[PDB]
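Notes follow once the structure below has been shown.
Every read-out reported here was derived from the displayed coordinates using simple, explicitly stated rules and does not represent laboratory data. Positions of Cβ are backbone-derived with ideal geometry, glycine not excepted, and every protein chain shown enters the neighbour counts.
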Amino acid sequence: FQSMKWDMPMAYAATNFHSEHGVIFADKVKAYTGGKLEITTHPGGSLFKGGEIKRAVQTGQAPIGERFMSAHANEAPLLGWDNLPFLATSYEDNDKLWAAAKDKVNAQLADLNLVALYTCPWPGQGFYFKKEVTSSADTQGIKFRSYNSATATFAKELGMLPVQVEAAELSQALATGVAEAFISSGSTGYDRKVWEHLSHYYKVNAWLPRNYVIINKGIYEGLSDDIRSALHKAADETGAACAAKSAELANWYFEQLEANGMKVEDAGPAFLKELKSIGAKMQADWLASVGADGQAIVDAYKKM
Ligand SMILES: O=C1CC[C@@H](C(=O)O)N1
Ligand SMILES: [Cl-]
């Protein structure tokens, strides 16, 4: 029996729900192609690290992969749509925002030699610290782990000192004092056992950024018709299942952080007001960088 074999690099822990859904996707592709396409995922950055996956897929070093594409918004600012703070703070609203951004993002991805087969939101983003934080007076000079330009910008507005670290390297960065604070979901704090190093999480749910499963555009264009439709069928089903799993686990992760000794609370009123002011500035900066396209996306979203 003849079959194509593809390696699919992914950046997050093997037991993170995104990675598990990569395997679900591969199983569906194998079934729906009658065995003709067998995908093996490589989670945890074990084949290509997170910072390498986009280029690997663009050049065909890997045919398919998963990447958190807002970590490439410096090259393509439209990819920052999913880090606009306080714009879409629920799963339902994030789906509407993706619906408003999809055509423009698909066009931008094509210009980068990529096709996104499915995407999936992480849970809402909040702040991890090693101490109580009630205002930006408490955050001045704290070393911070960013995961993209938007989180680095947010950190700088709070007077923190950001450096980018991929999730697979986050535990060691915390253990060695590279950072004492970061923005992420409850999911990544759990997967990286961050209670070993930090004490507080503030549940802001400021945005729901997405992973994307991307395929090399030349490979996609050259696939047999049946293989291509099977990939899309598998992708649609996986994207639905992954987003359901993400939402089902969101609050469970918080309970796990608490069970391991962390203080998990909403941001205080003074702190939240600062975060919302910074978020408005970041949304204005994004709109200036993307221009009319950004105005169109936000308007289309608000009409839904
Ligand atoms: O919730 C999230 C967003 C990206 C990823 C991270 O911290 O790297 N976890
Ligand atoms: Cl569970």
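Mind checking whether some residue in the stretch 17-26 is out of contact with any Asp or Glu (no Cβ under 7 Å at 6 or more places or on another chain), of a type outside the set (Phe, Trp, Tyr), exposed (fewer than 15 other Cβ atoms within 10 Å of the Cβ) and more than 16 Å from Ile214 (Cβ to Cβ)? Scanning the stretch 17-26, I find no residue that is out of contact with any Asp or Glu (no Cβ under 7 Å at 6 or more places or on another chain), of a type outside the set (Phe, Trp, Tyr), exposed (fewer than 15 other Cβ atoms within 10 Å of the Cβ) and more than 16 Å from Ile214 (Cβ to Cβ), so the answer is no. Does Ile278 qualify as being in a helix (DSSP H, G or I), more than 28 Å from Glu66 (Cα to Cα) and in contact (Cβ under 8 Å) with a residue 40 or more places away in the chain? Yes; evaluated as a whole, the condition is true for this residue.
Checked against the criterion of being touching a helix residue (DSSP H, G or I) at 6+ places or on another chain (Cβ under 6 Å) and away from ligand 1 (no atom under 15 Å from the Cβ), the stretch 11-21 has no qualifying residue.
Select from the stretch 106-138 the residues that are more than 16 Å from ligand 1 (Cβ to nearest atom), in contact (Cβ under 8 Å) with a residue 40 or more places away in the chain and not in a loop (DSSP other than H, G, I, E, B) and write down the one among them that is surrounded by the fewest Cβ atoms within 10 Å (Cβ to Cβ). Quick ask: steps written out before the conclusion?
Taking the stretch 106-138 first, the residues more than 16 Å from ligand 1 (Cβ to nearest atom) are 106-118, 130-138.
Applying the additional criterion that residues be in contact (Cβ under 8 Å) with a residue 40 or more places away in the chain yields 109-110, 112-118, 130-136.
Then keep just the ones that are not in a loop (DSSP other than H, G, I, E, B); that gives 109-110, 114-118.
Values: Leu109: 19, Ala110: 13, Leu114: 22, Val115: 23, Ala116: 20, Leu117: 21, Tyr118: 24.
The selected residue is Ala110.
Kindly indicate the residue of the stretch 71-100 that is among the polar types (S, T, N, Q) and part of a loop (DSSP other than H, G, I, E, B) and also surrounded by the fewest Cβ atoms within 10 Å (Cβ to Cβ) among those meeting that condition. Among them, the one singled out is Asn74.
Looking only at residues in the stretch 139-181 that are part of a loop (DSSP other than H, G, I, E, B) and among the charged types (D, E, K, R), the one that is farthest from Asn83 (Cα to Cα) is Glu180.
State which residue is farthest from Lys131 (Cα to Cα) when the search covers only the stretch 225-265 and only residues that are of a type in the set (D, E, K, R) and in contact with a strand residue (DSSP E or B) (Cβ under 6 Å, 6 or more places away or on another chain).
Pass one, the stretch 225-265, residues of a type in the set (D, E, K, R): 225-226, 228, 233, 236-237, 245, 248, 255, 258, 263, 265.
Narrowing further to those that are in contact with a strand residue (DSSP E or B) (Cβ under 6 Å, 6 or more places away or on another chain): 258, 263.
Values: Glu258: 15, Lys263: 10 Å.
Top of the filtered list is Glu258.
Might you let me know whether the stretch 60-70 holds any residue that is under 16 Å from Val105 (Cα atoms), part of a helix (DSSP H, G or I), within 15 Å of ligand 1 (Cβ to nearest atom) and in contact with a helix residue (DSSP H, G or I) (Cβ under 8 Å, 6 or more places away or on another chain)? The answer is yes, given that some residue of the stretch 60-70 is under 16 Å from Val105 (Cα atoms), part of a helix (DSSP H, G or I), within 15 Å of ligand 1 (Cβ to nearest atom) and in contact with a helix residue (DSSP H, G or I) (Cβ under 8 Å, 6 or more places away or on another chain). Going through (1) part of a helix (DSSP H, G or I); (2) away from ligand 1 (no atom under 16 Å from the Cβ); (3) in contact (Cβ under 8 Å) with a residue 24 or more places away in the chain one by one, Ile215 falls short only on (1).
Contact map, the stretch 2-15: residues that are in contact (Cβ under 8 Å) with a residue 40 or more places away in the chain paired with residues that are assigned to a loop (DSSP other than H, G, I, E, B) and surrounded by fewer than 16 Cβ atoms within 10 Å (Cβ to Cβ), Cβ distance under 8 Å, separation 6+ or inter-chain. Pairs shown: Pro9/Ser46; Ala11/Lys49. Among the residues of the stretch 150-196, those identified as within 13 Å of ligand 1 (Cβ to nearest atom), of a type in the set (S, T, N, Q) and under 21 Å from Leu208 (Cβ atoms) are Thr151, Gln164, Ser184, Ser185, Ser187, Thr188. Taking only pairs six or more apart or across chains, which ones have beta-carbon atoms under 6 Å, a first residue in the stretch 47-58 that is away from ligand 1 (no atom under 15 Å from the Cβ), and a second residue that is in a loop (DSSP other than H, G, I, E, B)? Hits for this filter: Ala56/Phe48; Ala56/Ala62; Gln58/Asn113. Residues of the stretch 27-60 that are surrounded by fewer than 17 Cβ atoms within 10 Å (Cβ to Cβ), more than 21 Å from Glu237 (Cβ to Cβ) and of a type in the set (D, E, K, R): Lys49, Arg55.
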